[PDB]
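Peer 1:
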Amino acid sequence: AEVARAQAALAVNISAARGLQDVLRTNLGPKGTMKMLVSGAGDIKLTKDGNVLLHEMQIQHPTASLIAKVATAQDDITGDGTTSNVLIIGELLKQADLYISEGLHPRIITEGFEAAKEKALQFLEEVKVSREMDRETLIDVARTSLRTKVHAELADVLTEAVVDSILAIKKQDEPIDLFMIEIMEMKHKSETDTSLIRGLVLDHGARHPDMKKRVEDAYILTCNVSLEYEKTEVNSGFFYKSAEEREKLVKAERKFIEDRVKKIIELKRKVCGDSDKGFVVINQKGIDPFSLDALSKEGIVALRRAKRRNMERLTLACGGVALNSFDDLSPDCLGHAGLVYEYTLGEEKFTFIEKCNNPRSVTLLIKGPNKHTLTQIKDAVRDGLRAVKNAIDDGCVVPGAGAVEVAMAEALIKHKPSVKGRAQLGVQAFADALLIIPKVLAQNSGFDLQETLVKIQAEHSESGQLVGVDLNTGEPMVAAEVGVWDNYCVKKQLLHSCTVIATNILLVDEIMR
Amino acid sequence: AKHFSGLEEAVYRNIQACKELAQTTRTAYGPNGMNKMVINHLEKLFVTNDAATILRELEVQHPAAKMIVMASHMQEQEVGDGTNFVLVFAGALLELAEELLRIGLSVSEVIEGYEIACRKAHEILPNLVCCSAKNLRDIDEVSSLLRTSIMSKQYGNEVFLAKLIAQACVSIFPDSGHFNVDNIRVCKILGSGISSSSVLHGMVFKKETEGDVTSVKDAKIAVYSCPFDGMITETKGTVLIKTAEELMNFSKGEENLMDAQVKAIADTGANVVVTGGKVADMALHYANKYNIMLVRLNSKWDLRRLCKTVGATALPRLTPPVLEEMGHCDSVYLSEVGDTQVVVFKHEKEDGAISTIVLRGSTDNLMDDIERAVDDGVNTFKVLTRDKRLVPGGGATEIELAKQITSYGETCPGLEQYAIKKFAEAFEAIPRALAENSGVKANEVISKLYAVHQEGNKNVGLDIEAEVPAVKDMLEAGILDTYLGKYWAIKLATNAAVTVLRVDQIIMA
Amino acid sequence: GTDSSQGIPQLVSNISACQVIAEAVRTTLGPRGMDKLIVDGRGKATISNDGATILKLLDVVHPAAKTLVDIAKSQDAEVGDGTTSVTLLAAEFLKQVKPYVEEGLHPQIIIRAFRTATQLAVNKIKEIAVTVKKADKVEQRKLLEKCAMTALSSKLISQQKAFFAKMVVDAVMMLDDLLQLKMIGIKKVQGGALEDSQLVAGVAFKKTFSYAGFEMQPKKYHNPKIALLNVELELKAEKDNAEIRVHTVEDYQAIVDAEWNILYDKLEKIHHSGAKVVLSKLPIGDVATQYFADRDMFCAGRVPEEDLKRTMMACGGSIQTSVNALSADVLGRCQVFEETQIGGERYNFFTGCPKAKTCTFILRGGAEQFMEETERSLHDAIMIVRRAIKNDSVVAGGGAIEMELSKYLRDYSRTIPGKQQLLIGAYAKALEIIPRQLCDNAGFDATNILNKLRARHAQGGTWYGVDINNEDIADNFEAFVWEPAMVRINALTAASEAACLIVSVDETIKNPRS
């Protein structure tokens with residue numbers, strides 16, 4: 011095939027990744043902008059988020075395949091700062107371009123990158139402080155962490171909702187959420203409205219004129235594949251081997267509809283008293299209207315159209331036994347919920363299971379009929395749930411919004427990485443690539459980006475105080491008293507991912523197609 | 019396609035979509051709009067004076083155009099008319115920002131200038147209410163207020179059509195205050211002129227109707243989408259055309275098989291049987307003898323309007339009907355709808371969801387034109403069940419807003435300050451629209467609506483007072499707005515605009 | 012996708028396209044007016060006068076082309092005369108507003124200038140209109156002769172009009188409460204009473220089959236029972252076509268006879284169900300023709316369908332496509348049947364009908380092409396006199412009112428305007444184009460002809476127009492050229508309307524992307 015073996019082969023490589031960063035330079039901030047994204051079949055999506063804009067749709071670049079790999083591991087380990095990791099390496103190619111533009115080795119630039127991280131990883135221990143597991147401590151982090159990823163008005167409605175979700179653990183040690191993540195979209199009049207309810211919300215409730223609505227000590231009978239068969243948890247076809255074999259099945263099916271509603275109502279007399287305690291049937295599939303008569307007149311809140319994903323978290327939400335049958339297996343095969351309530355708003359009926367044995371699954375009830383809002387308000391949830399969980403997993407949170415970037419660059423003063431000056435090379439392009447997060451915001455704001463950046467450095471050298479850049483003015487301010495604090499799990503991981511790929515770019519001086 | 023480069027999506031795409039928003043409500047909306055011709059995928063000329071119909075008809079590949087369309091979908095859902103108001107207001111406000119971009123402002127900076135100021139304008143919005151009045155039982159009260167609703171999509175008979183639309187929504191729901199979602203289905207009968215349009219309570223099958231009533235005390239139905247050419251609970255027969263001797267045998271047995279069908283439907287409870295398809299000839303000969311009612315050949319939309327209101331779905335076969343697929347109506351009776359005899363049902367609040375207004379005219383596009391104005395007035399009564407607070411007519415409201423917002427801008431100072439100065443200038447698109455609806459200059463009208471300082475009642479209509487432009491009292495004229503109807507119209511227009519301002523480039527894999 | 016273009020360059024594209032389409036229907040309508048020729052599709056060449064006939068025939072390549080069709084259809088449905096004149100005047104409005112809108116001067120007060128000038132026009136037409144059936148006779152049938160004889164003197168004839176006009180008057184008085192063209196239709200031969208026509212008050216048949224026996228059949232009755240059939244009668248009935256067979260000797264003479272027994276059994280099904288004269292659209296077989304001679308009955312195949320439609324309305328009967336009848340109210344009957352070969356062509360005359368509403372003219376001219384114009388000479392007198400009865404409120408014809416109304420409304424252009432003299436002046440400019448074109452399709456200088464009329468309009472009188480048979484200025488009232496008042500009033504409200512459609516609309520949206 012054809013070869014490209016020159017410094018121009020690196021020069022095409024470093025050129026593609028910087029321009030893709032400047033597209034994403036529009037993002038990452040409350041003063042940063044949402045990016046409109048349209049699918050191949052067409053779907054309006056307004057995301058500021060890094061991974062969604064990167065992994066879904068992109069244009070032809072070999073660097074685009076490279077940055078998808080490292081933003082994966084940032085999304086894998088943390089799930090936040092997928093905006094933030096792109097902006098470092100774009101500048102990191104830029105000052106490193108200049109020395110090879112002067113003419114220097116790609117490997118002498120590479121080796122100063124490693125000492126740049128090691129001088130800064132030890133500084134990451136210094137700059138973070140021990141912060142609390144307080145809700146209000148996590149309020150300051152969450153609303154800050156949302157504004158770097160999504161919009162500020164999106165941050166305001168979610169600041170109370172995200173912090174109370176992750177707080178339901180009993181010191182469960184995990185950096186991201188797993189079962190708190192449950193998103194129930196809802197057609198509303200308000201596109202932007204958010205309701206956090208403890209426990210699991212059912213995607214479709216059900217109503218009969220005799221069916222109850224509020225039940226307490228609700229003994230759940232979790233239900234599945236339906237009345238027409240018997241003792242089945244999975245669907246089946248029909249026998250076509252003989253013409254009479256097709257007929258003999260469906261004549262018996264109406265009898266099994268009778269038999270399986272009979273087992274449910276006779277279990278309600280045994281376990282729930284007469285009607286003294288609540289009883290809830292959660293069917294995965296459709297409810298026959300004959301059993302809609304027979305269950306609801308018993309006083310049973312029967313439910314329709316559940317997901318099998320909802321079945322699995324219902325086992326955690328009840329904490330007991332969540333079945334998949336209608337028949338009487340055993341009376342102690344019933345999970346317990348002290349409160350199950352179906353609230354109906356809008357077009358859809360939403361059934362809640364509460365008094366959970368495990369406060370591990372909560373659900374954000376998500377409003378908005380328009381999909382472009384309903385996509386975007388859902389997209390603010392998933393990055394919000396993981397990032398604040400990083401803050402509660404970490405005992406120490408870094409104070410962020412760029413205050414570390416001037417702090418390390420002054421602390422990366424040279425002749426300490428002095429071996430031949432080749433280590434002084436890689437730390438110097440590193441320190442200038444630190445400052446992009448103060449460069450992007452005062453670009454997006456007023457107070458011209460490098461004119462006030464040196465004013466941050468002039469103030470930070472005074473008394474060693476951490477001073478950041480305002481998200482709405484671009485003016486200098488202390489990051490601690492204001493509380494503009496970034497996740498340390500982002501910030502610690504940020505050094506590793508940005509170092510390794512810019513190393514890998516300098517190892518690529520040949521490209522073949 | 020659908021993704022480009024070169025500062026297009028931010029600066030250049032947004033003003034391009036505003037040109038599509040230009041001349042869409044700028045002469046086609048006001049106290050009296052002007053027609054626009056649209057041809058759908060079915061070949062027909064269509065007049066449009068409502069924003070949501072034409073933009074649903076108009077296909078765009080521009081995603082920036084698709085944002086405000088979804089906002090106007092809410093403003094039909096929440097308010098009704100004023101989706102036209104959404105376009106030129108958001109269309110002006112987007113075009114004012116690029117001059118601030120040539121100053122060198124950021125996108126989110128002038129977004130913030132629009133966010134705090136639409137919060138500010140919504141605080142001024144209770145101070146614009148003038149002459150609150152509400153009577154949910156008085157047709158004369160409602161026909162005065164729904165006049166300007168149907169003024170905005172008509173030019174001819176306002177007094178004839180305002181009395182009809184005020185009669186329906188009151189009399190279909192005499193418990194008004196929690197008024198239903200939709201309660202009027204139109205009946206387009208081509209023929210006699212616009213003075214033959216009238217209101218009929220209950221479902222009207224203006225298609226062909228055979229037989230007669232079985233009982234008028236009950237009007238239960240078993241709505242079937244399937245023809246009656248031999249379709250039975252057993253093995254479904256068809257019209258035997260394969261053999262002429264089989265055609266004679268099927269003709270002799272059909273009335274006996276039609277006897278098995280009508281007793282399978284009426285004993286379960288029905289006096290009217292809905293026929294979407296056909297009825298066989300001998301099957302039609304027996305239904306006159308059994309005196310059961312058949313209504314043959316209803317459209318799919320006619321099938322939809324029936325299945326929505328009675329709660330009974332159409333069936334693909336003949337059977338003894340289940341309870342969940344039978345509907346009940348109060349009465350069924352043969353009365354002339356537009357002085358031509360078709361059948362008409364009865365739906366009280368026990369049945370609800372429909373009170374028909376028959377559309378009659380020498381042109382169906384006129385019947386399509388009055389179809390535009392009645393859709394907003396349905397929600398406007400639902401607006402009226404929410405608020406009793408009346409705002410004066412369009413454009414006279416915006417000029418009082420612009421003065422305080424300009425005074426509010428200088429009290430901010432910032433670079434949001436200049437956006438708030440532009441935010442007052444998006445208000446003046448509504449007197450720019452009515453001047454362009456008249457075909458007269460705007461800044462002379464803008465200079466007049468400035469100088470009055472009573473300004474909250476003063477605008478120029480689509481009048482001979484707009485020939486040489488001269489202000490008038492919109493409130494005294496009968497051209498009205500309301501509190502919540504203008505509230506969501508500003509709220510949803512400012513919401514979609516700053517988001518479609520915020521947009522960036524698109525990449526596509 | 013979806014086609015769309017906004018504004019003035021689309022609107023200038025709108026106003027310019029409709030004028031070019033109107034160039035045919037501008038230049039039509041009369042004896043010195045015009046008469047059509049087009050070729051469409053396979054090469055089917057047709058000849059018309061009504062644009063609304065051929066606007067349904069010609070394609071629509073614009074929405075402006077689609078705008079003209081129903082507006083022409085609205086004029087053709089009521090009157091049938093002057094169908095093109097509404098489509099004339101609409102685009103003629105757009106021509107003088109065209110320099111205005113290309114300057115950018117485009118109000119939407121243009122459309123209300125149409126309606127306001129319409130109301131001043133249609134009131135002036137009605138208040139100058141005279142009821143002629145009430146004021147200018149008590150029997151008003153000799154009155155209708157002088158209008159019809161004038162309508163006959165216009166197209167071709169000048170000497171046959173006295174012999175024809177009373178036949179026109181006596182036919183229309185039977186056709187009152189009706190406006191059918193298949194009940195006033197004129198039949199054509201050369202070889203009867205030449206340069207003379209006749210009026211029958213019943214049902215006449217043009218194309219009736221003979222030359223298989225007509226003197227072997229009774230060609231007249233005095234109580235006919237008419238079988239209005241549409242079933243083909245064969246030369247012989249058939250046998251099968253699979254395993255059908257000849258030579259051997261036993262089943263030999265039978266199957267040749269069995270082809271013949273089935274046919275006359277079906278022919279007897281016509282006979283005993285009640286029939287003495289039998290008609291069929293599809294051809295009656297020649298051997299089957301002589302079987303009606305066997306029962307001594309008259310028969311004729313190859314009959315046009317429009318002839319059978321005359322019989323079902325005057326006898327109260329109906330057409331059939333069966334071989335057996337069950338009632339005499341689906342069958343036809345009269346009280347005199349008479350076959351008369353006028354011009355060498357076999358006519359079936361139905362006199363003594365139970366209703367006798369259909370009138371038919373058996374026209375003899377001096378030639379064939381002479382008789383073509385003679386039929387359309389008679390057809391003009393049928394169209395105008397039926398229109399004169401239904402509206403007694405009658406003004407002069409020839410655009411005589413319009414030139415007065417041109418000057419009448421420019422006086423309002425002197426009177427009213429804030430800017431409206433540009434519109435009402437252009438409105439009044441387009442009014443005189445119709446008698447201008449009626450001079451221009453007549454070929455002569457309207458600028459000489461029209462300008463002389465306004466001087467006598469200046470003294471007094473609005474009935475001053477053009478006698479186009481000589482092309483001279485004439486009082487069309489006293490020149491007997493008339494047309495009822497509401498005809499123009501229906502024309503003005505439709506010509507201003509489509510003009511209001513063009514001004515309001517600046518955009519054409521094509522959603523399936525042509």
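Protein chains in written order, with the authors' numbering: chain N, 11 to 523; chain P, 19 to 527; chain O, 12 to 525.
Ideal Cβ placement from N, Cα and C applies to all residues, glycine included.
I'd like the span of the alpha helix (DSSP H) that includes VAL470(P), first residue to last.
Peer 2: As a working note, residue 470(P) is residue 452 in the second sequence. Element bounds for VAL470(P): n/a, residue is neither H nor E.
Peer 1: Can you check whether the C-beta of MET344(P) is within less than 8 Å of a C-beta belonging to chain N?
Peer 2: Start at 1 with the first residue of the second sequence, and residue 344(P) comes out as number 326. Chain N contact via Cβ: absent.
Peer 1: Cα separation between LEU155(O) and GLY213(O)?
Peer 2: Residue mapping note: residue 155(O) aligns to position 144 of the third sequence, counting from 1. Residue mapping note: residue 213(O) aligns to position 202 of the third sequence, counting from 1. Approximately 22 Å, taken between the alpha carbons.
Peer 1: In whole angstroms, what is the alpha-carbon distance linking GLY312(O) and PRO235(O)?
Peer 2: If you number the third sequence from 1, residue 312(O) lands on position 301. If you number the third sequence from 1, residue 235(O) lands on position 224. Taking the straight line from one Cα to the other gives about 17 Å.
Peer 1: From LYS406(P) to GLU138(O), what does the alpha carbon distance come to, in whole angstroms?
Peer 2: Here residue 406(P) refers to the residue found at position 388 when the second sequence is read from its first residue. Here residue 138(O) refers to the residue found at position 127 when the third sequence is read from its first residue. Cα to Cα, the separation comes out at about 50 Å.
Peer 1: According to DSSP, which residues form a beta bridge with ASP491(P)?
Peer 2: The residue labelled residue 491(P) in the question sits at position 473 within the second sequence. Note: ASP491(P) sits in a beta bridge opposite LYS476(P).
Peer 1: According to the neighbour-count rule (16 or more other Cβ atoms, all chains shown, within 10 Å of its Cβ), is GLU389(P) buried or exposed?
Peer 2: One-based indexing of the second sequence puts residue 389(P) at position 371. With 16 or more Cβ atoms within 10 Å of its Cβ, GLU389(P) is classed as buried.
Peer 1: Counting only runs of 3+ residues fully inside the region 182–259 of chain N, write out the beta strand (DSSP E) ranges in chain order.
Peer 2: Taking only runs of at least 3 residues, the beta strand (DSSP E) segments lying wholly in the region 182–259 of chain N are 193–196, 204–208, 210–212 and 224–233.
Peer 1: Report the option in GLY410(N), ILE423(N) and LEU505(N) whose CA atom is closest to the CA atom of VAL494(N).
Peer 2: Counted from its first residue, the first sequence places residue 494(N) at position 484. The candidate whose alpha carbon is nearest that of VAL494(N) is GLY410(N).
Peer 1: Please report the straight-line C-alpha distance between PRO369(N) and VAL391(N), rounded to a whole angstrom.
Peer 2: On the first sequence, position 359 is the one that residue 369(N) refers to. On the first sequence, position 381 is the one that residue 391(N) refers to. Computed Cα separation, rounded: 19 Å.
Peer 1: Three or more C-beta pairs under 8 Å: does that hold for the region 368–383 of chain P against the region 206–225 of chain P?
Peer 2: Result yes; three or more Cβ-Cβ pairs closer than 8 Å.
Peer 1: State yes or no: is the C-beta of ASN102(P) within less than 8 Å of the C-beta of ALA69(P)?
Peer 2: Sequence index remark: in the second sequence, residue 102(P) carries index 84 (1-based). Sequence index remark: in the second sequence, residue 69(P) carries index 51 (1-based). Yes. Within cutoff.
Peer 1: Who are the Cβ neighbours of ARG520(P) in its own chain at under 8 Å, not counting the five residues just before and after it?
Peer 2: Sequence index remark: in the second sequence, residue 520(P) carries index 502 (1-based). Closer than 8 Å at the Cβ level, and outside the excluded window around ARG520(P), lie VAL125, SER126 and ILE129.
Peer 1: Let me see if you follow: with CB-CB separation under 8 Å, is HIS382(N) close to chain P or not?
Peer 2: Here residue 382(N) corresponds to residue number 372 of the first sequence, with the count starting at 1. Yes, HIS382(N) lies at the interface with chain P (some Cβ there is under 8 Å from its Cβ).
Peer 1: Closest to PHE441(P) by CA distance: which of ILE86(P), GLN79(P) and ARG137(P) is it?
Peer 2: Translated into positions along the second sequence, residue 441(P) becomes position 423. Selected option, being the one with the closest Cα: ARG137(P).
Peer 1: Check for me: the alpha helix (DSSP H) holding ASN306(P) runs from which residue to which?
Peer 2: Start at 1 with the first residue of the second sequence, and residue 306(P) comes out as number 288. Segment 299–308, the alpha helix (DSSP H) holding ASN306(P).
Peer 1: Thinking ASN513(P) and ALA89(P) are a contact (beta carbons under 8 Å), I'd like their distance in whole angstroms, please.
Peer 2: Taking the second sequence and counting its residues from 1, one reaches residue 513(P) at position 495. Taking the second sequence and counting its residues from 1, one reaches residue 89(P) at position 71. Sure, about 7 Å apart at Cβ, within 8 Å.
Peer 1: When burial is assigned at 16 or more other CB atoms within 10 Å of the CB, is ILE266(O) buried or exposed?
Peer 2: Along the third sequence, read from residue 1 onward, the residue named residue 266(O) stands at position 255. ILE266(O) is exposed by the Cβ-count criterion.
Peer 1: Is the CB of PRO219(N) under 8 Å away from at least one CB in chain P?
Peer 2: In the first sequence, residue 219(N) corresponds to position 209, counting from 1. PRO219(N) does not count as touching chain P.
Peer 1: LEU97(N) and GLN31(N): beta carbons closer than 8 Å?
Peer 2: As a position in the first sequence, residue 97(N) is number 87, starting the count at 1. As a position in the first sequence, residue 31(N) is number 21, starting the count at 1. Taking 8 Å as the Cβ cut-off, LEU97(N) and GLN31(N) qualify as a contacting pair.
Peer 1: Just list the residues that DSSP pairs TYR47(P) with in beta bridges.
Peer 2: Counted from its first residue, the second sequence places residue 47(P) at position 29. Its beta-bridge partners do not exist; DSSP assigns none.
Peer 1: Use the C-beta contact count for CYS149(P): other C-beta atoms within 10 angstroms, 16 or more gives buried, fewer gives exposed.
Peer 2: As a first step, residue 149(P) is located in the second sequence; it is residue number 131 there, counting from the start. Looking at its Cβ environment, which holds fewer than 16 other Cβ atoms inside 10 Å, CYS149(P) is exposed.
Peer 1: If you check the beta carbons only, do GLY329(N) and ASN380(N) fall under 8 Å apart?
Peer 2: Taking the first sequence and counting its residues from 1, the one referred to as residue 329(N) is at position 319. Taking the first sequence and counting its residues from 1, the one referred to as residue 380(N) is at position 370. No, these two residues do not count as a Cβ contact at 8 Å.
Peer 1: At a Cβ threshold of 8 Å, is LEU451(N) touching chain P?
Peer 2: Looking up residue 451(N) in the first sequence gives position 441. It does not; no Cβ of chain P falls within 8 Å.
Peer 1: With 8 Å as the threshold, decide whether the Cβ of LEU459(N) is near any Cβ in chain P.
Peer 2: Mapped onto the first sequence, residue 459(N) falls at position 449. Chain P contact via Cβ: absent.
Peer 1: At the level of alpha carbons, what is the spacing between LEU324(P) and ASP174(N)?
Peer 2: For the purposes of this step, residue 324(P) is taken as residue 306 along the second sequence, with counting starting at 1. For the purposes of this step, residue 174(N) is taken as residue 164 along the first sequence, with counting starting at 1. Taking the straight line from one Cα to the other gives about 48 Å.
Peer 1: Roughly how many whole angstroms lie between the Cα atoms of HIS161(N) and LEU168(N)?
Peer 2: If you number the first sequence from 1, residue 161(N) lands on position 151. If you number the first sequence from 1, residue 168(N) lands on position 158. Approximately 11 Å, taken between the alpha carbons.
Peer 1: Helix or strand or just coil, what does DSSP make of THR57(O)?
Peer 2: As a working note, residue 57(O) is residue 46 in the third sequence. In the structure shown, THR57(O) sits in a strand (DSSP, three-state: E or B).
Peer 1: Using the Cα positions of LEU324(N) and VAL350(N), report the straight-line distance between them to the nearest angstrom.
Peer 2: Position 314 of the first sequence, counting from 1, holds the residue named residue 324(N). Position 340 of the first sequence, counting from 1, holds the residue named residue 350(N). For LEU324(N) and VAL350(N), the distance between alpha carbons rounds to 12 Å.
Peer 1: Could you name the residues that DSSP lists as bridge partners for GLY343(O)?
Peer 2: Indexing the third sequence from 1 puts residue 343(O) at position 332. In the DSSP output, where bridge partners are listed per residue, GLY343(O) has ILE237(O).
Peer 1: What residue from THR78(O), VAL36(O) and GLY54(O) has the CA that sits closest to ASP61(O)'s CA?
Peer 2: The residue given as residue 61(O) occupies position 50 in the third sequence. It is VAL36(O).
Peer 1: Using DSSP with H/G/I as helix, E/B as strand and the rest coil, what is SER338(O)?
Peer 2: Here residue 338(O) refers to the residue found at position 327 when the third sequence is read from its first residue. In this structure, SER338(O) counts as coil in the three-state DSSP scheme.
Peer 1: Considering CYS328(N), what are the terminal residues of the beta strand (DSSP E) in which it resides?
Peer 2: Counting from one through the first sequence, the residue named residue 328(N) turns up at place 318. Premise fails: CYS328(N) lies in the alpha helix (DSSP H), 318–328, not in any beta strand (DSSP E).
Peer 1: Should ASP486(O) and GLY472(O) be called a contact, given that it needs their Cβ atoms to be closer than 8 Å?
Peer 2: To locate residue 486(O), count along the third sequence from 1; it is residue 475. To locate residue 472(O), count along the third sequence from 1; it is residue 461. In contact: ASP486(O) and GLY472(O) (Cβ atoms closer than 8 Å).
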